[PDB]
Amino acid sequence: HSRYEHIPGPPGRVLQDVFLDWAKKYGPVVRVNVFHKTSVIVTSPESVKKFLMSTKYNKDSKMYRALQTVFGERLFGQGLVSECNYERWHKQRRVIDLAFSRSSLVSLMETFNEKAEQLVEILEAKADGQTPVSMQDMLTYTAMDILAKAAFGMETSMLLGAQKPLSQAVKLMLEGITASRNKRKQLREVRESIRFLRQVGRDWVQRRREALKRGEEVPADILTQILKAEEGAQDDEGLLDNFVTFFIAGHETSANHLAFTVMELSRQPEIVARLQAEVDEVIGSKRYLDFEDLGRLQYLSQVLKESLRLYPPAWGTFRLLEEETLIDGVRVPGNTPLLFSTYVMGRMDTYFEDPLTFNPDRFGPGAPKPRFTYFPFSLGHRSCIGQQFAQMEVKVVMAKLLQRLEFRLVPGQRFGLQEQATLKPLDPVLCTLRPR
């Protein structure tokens, strides 16, 4: 008699689609196997509210092992995403929060604008209606160049075709996370890629420390606060865990969200005409979007919320259930990982009418707000520290694309998903482009 046997469950697609099928068939508490562990997927809004909105429930560290270390190489270690002890998390969260204040983020608008403008100019030169362009690749290069400058004061210049070894290292590390949760050459390429990313942190931290000593210019950035959180530490391993955490987390989900949005909008010509009209009316001929302009792009804000409902790059989270608890009529044993999924809840007709329809008007003013059914940045104390940074950067990039260019998805390109650390388009989002 297995400890989970009594829980309801089974006797371009991802595992999350299988979980969706099972939540619909077996109800709000279902036993699954994920990251090699038995867990329970909990899909009632009452459960999302109870477990995400209380500091009583902490993240289940077992479900973060493949971010902490891959194939025996330390990756994110005990950085801000993967630290599951409340007190150790809270200390670093409150120091790093200062880099995400309103004043800190408004000062990044110049960087967001400059990299968005550079992308647009590169794309405008290819806008012949014939040359295929990977929007997944171009949006990833743009997100990387933004993050490296905004967070670290470094110029990666991926939009100029630079840092190819770094681009390969990130790709192989993301494949390593995926393989670890589900040979000789794979192990070697993944392990060397993780060590490369930590050595980039060593190199960049040494550059920052030399700049501070020589009395050169250093703007207050995320790296300032990562350093501050480690003041008086025994070694640099905590520093490098947060360096790699922010270097990867600060670009990959943003790129995924951009690529999903461009992909979906390629089959939504009326919505695109509305977004083009909105950018035309709000920013006009301006080459630079001001902070005050972002809040005026209200239809774009709704489109991006709807993109996250259907295509959340980070599908959810886990909490550790410490004691046996009744969850929606089901007895869940103590020491169980509870899986929460914004991907699954977003596709359930219980929670969203016509869930596969892309309808920005779900997020219109005076529309009833989703109540614990929608959480692409999670909820509660472990919600995304980067949520407003991401929302600002992606609005800037999308507004500049919409101002200047028309995109058509190359026929044959698919709308399917893949999972490698995060959810992202299976295909490269190959488009042809024309100037507006």
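For every residue, the number given is its place in the sequence shown, counted from 1. The term rigid core refers to the most C-alpha atoms you can superpose between the two forms while keeping them within 1.5 Å.
| task | Rigid core fitted first, then name the stretch among 171 to 179 and 240 to 248 whose C-alphas deviate most from the displayed form in 8 other deposited structures of this protein. | result | Looking at 171 to 179 versus 240 to 248 in 8 other deposited structures of this protein, the farther one turns out to be 171 to 179.
| Higher-deviation segment by CA RMS in 8 other deposited structures of this protein, core fitted, 255 to 263 or 218 to 226 | This comes out as 218 to 226, the stretch further from the shown form in 8 other deposited structures of this protein.
| Is residue 12 one of the residues left unmodelled in a third or more of the other entries compared? | Yes, residue 12 lacks coordinates in at least a third of the other compared entries that model both of its neighbours.
| task | Enter the number of deposited residues without atomic coordinates between residue 182 and residue 183, binned as none, 1 to 3, 4 to 9, or 10 or more. | result | The entry has 4 to 9 unmodelled residues between residue 182 and residue 183.
| message | Quick check on the record: does 426 to 434 or 1 to 9 carry the larger mean Cα temperature factor? | response | Higher mean C-alpha B-factor in the PDB entry: 1 to 9.
| task | Tell me which of 128 to 136 and 235 to 243 has the higher mean C-alpha B-factor in the deposited entry. | result | The recorded data point to 235 to 243.
| message | Highest Cα temperature factor in the entry, among the options 319, 213, 331, 149: which one is it? | response | Each of 319, 213, 331, 149 was compared by C-alpha B-factor; the highest is 213.
| From 292, 264, 278, 145, can you pick the one with the highest C-alpha B factor in the entry? | Spelled out: the listed residue with the top C-alpha B-factor is 292.
| field | Entry-reported Cα temperature factor of residue 408, expressed as the chain third it lands in | value | According to the entry, residue 408 has a C-alpha B-factor in the chain's middle third.
| query | Going by the entry, which third of its chain does the Cα temperature factor of residue 227 land in? | reply | Tercile = highest for this residue's CA B-factor.
| task | Sorting the chain's modelled residues by C-alpha B-factor, tell me whether residue 372 ends up in the lowest, middle or highest third. | result | It belongs to the middle third of the chain when residues are ordered by C-alpha B-factor.
| message | For the chain shown, is the CA B-factor of residue 35 in the lowest, middle or highest third of its modelled residues? | response | Highest third, going by the recorded CA B-factors of the chain.
| field | Relative C-alpha B-factor of residue 364, binned into the chain's lowest, middle or highest third | value | Answer is middle: the recorded C-alpha B-factor places it there.
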